Each structure stands twice: as structure tokens, then as C-alpha cells.
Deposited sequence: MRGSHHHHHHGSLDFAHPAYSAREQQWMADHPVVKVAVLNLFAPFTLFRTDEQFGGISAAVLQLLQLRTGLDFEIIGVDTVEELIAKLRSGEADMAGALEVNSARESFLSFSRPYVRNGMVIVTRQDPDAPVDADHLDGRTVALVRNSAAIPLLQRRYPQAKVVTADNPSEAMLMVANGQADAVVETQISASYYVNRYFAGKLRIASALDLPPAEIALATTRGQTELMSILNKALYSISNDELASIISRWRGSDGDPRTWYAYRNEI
């Protein structure tokens, strides 16, 4: 499929190996077993075939570090970030390769109460900087929002009594609940928020590379992505 331009060809001749920064603990998206894994690792492999590019993976714990590596040029692109308007004056995001609704996760009960989403007057954990936060507070004006370092720790606060609920993507909620918290937490309901979008990212000046990545993603079908995403449920 993809039709690269002559400038994009040149860029690939000069950069046969592209450095990709990823978050260390952003499962089921990016993770390290210490082989790189997760949904985004399999996507980047499909993109290797589409582009002919070799990818060198650099893992970091925090998004601030991942962004500092892009700004210094030590990394050429990010393998997975949540698209976030607050980041757009510094970063470009590719077309998303995951778009997924948000849910609320609560402690298990024999009862599945109808008011689990009554966040007004309750304490809700999210990942620090989560794009969901501003929005969440515009809804639920009287929700008390607390932040955590990564999905696992957000989930851990609820399992601990430290929060009433955690807000996360359906994908990430299913993964942590079924694998690290079976019998302790559960997806209580869907939330009305717009879906999280997971994309690649570069700095804003990175013309050729981002155009290459968008054409290469465009040529990945939804069925190919669903085969990968369905294995992390």
C-alpha cells in the first residue's frame, strides 16, 4: 500500500533505524517482560513491514521524560501516547490506532449497584495528566479527583480503600482487573466521556517521519488491529 514521497524516501535512506520512546509501565499498551511487549509493540512491528524501518526502543517511566527525549532528539517518536489537546503545542500525534471508551472500576460486591457512576461526592483516582481529568470534573462538579503514577497504582488505590472508583480505558481496566485484581475490582459501568485515543507522537517539526507513520498506519486495517487488541482482554 503506502505511497511514500521522494522527501520521505530520502528521510528513510538517512534514518534506517528510528528511535522510539515508550512508557515502561503503560500495559497493555507498552511494557517490558526484558523484551518490549504490549498492543503497541505488535503495532510497531506491523509498521516495520509497512515502512522498512528498524525501530530502536527506549523505555522510560514517565511521560515528562518521554517528551524530554523527543525534544532533545534522543528519541525520534513515541510508540504510544494518549492524544491530549494540552500537549499539541509541543507534540504532533499520528492518526490514532486505538480509540476506546472510558469506564469506572470499583471494588467487587455481590451487588452490582445502579449508582456506581454517582461520582459527585466521591473520591475518583486517575493516572496523572490523564486527558480525562478536566472533562471528568466538568461533569461530576462535586467529584473529588486524585492522581496516580500509572494504571496499576491507580487500580491499587481503589483495591486499598484510598478511592471509591478509578477511571480508565475499557482496554486497560479489563486488563488490570482480569489479571492483577480478579475478585477485588470490577468494571462497574461505562462513562459518557469521549473515548481515549492512543497514537504515535513526534515533535511538531518532524514532517517526514510523521507523514510516513500516518501513511503506514492508514494501511493497517481495523481487523489487523482487532486481532492484536483482542489478545489483551
- Write out the missing regions of the deposited sequence in sequence order, one range per stretch. 1-16, 50-51, 252-267
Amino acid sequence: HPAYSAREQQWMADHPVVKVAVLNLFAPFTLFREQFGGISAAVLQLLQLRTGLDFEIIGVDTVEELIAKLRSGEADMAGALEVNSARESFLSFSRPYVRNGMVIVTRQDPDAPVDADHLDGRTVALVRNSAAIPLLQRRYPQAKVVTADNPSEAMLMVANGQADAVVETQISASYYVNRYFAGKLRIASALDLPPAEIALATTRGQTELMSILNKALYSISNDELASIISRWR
From here on, numbers count along this sequence of modelled residues.
- On average, are the C-alpha B-factors higher in 118-126 or in 135-143? 135-143
- Query: Which of the two stretches, 204-212 or 42-50, shows the higher mean Cα temperature factor in the record?
  - Reply: 204-212
- Message: Among the choices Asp61, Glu56, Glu197, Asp192, identify the one whose CA B-factor in the record is greatest.
- Response: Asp192
- Based on the PDB entry, the highest CA temperature factor among the options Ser92, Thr106, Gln162, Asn100 is that of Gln162
- Message: Ranking the modelled residues of this chain by C-alpha B-factor as given in the entry, is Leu66 in the lowest, middle or highest third?
- Response: lowest
- Query: Hey, what third does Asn178 fall into on Cα B-factor, ranked over its chain?
  - Reply: highest
- Among all modelled residues of this chain, ranked by Cα B factor, put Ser172 in the bottom, middle or top third, i.e. lowest, middle or highest. middle
- Message: Looking at the temperature factor on the CA atom of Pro96, which third of the chain's modelled residues does it land in?
- Response: lowest
- Which third of the chain does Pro110 land in by C-alpha B-factor: lowest, middle or highest? highest
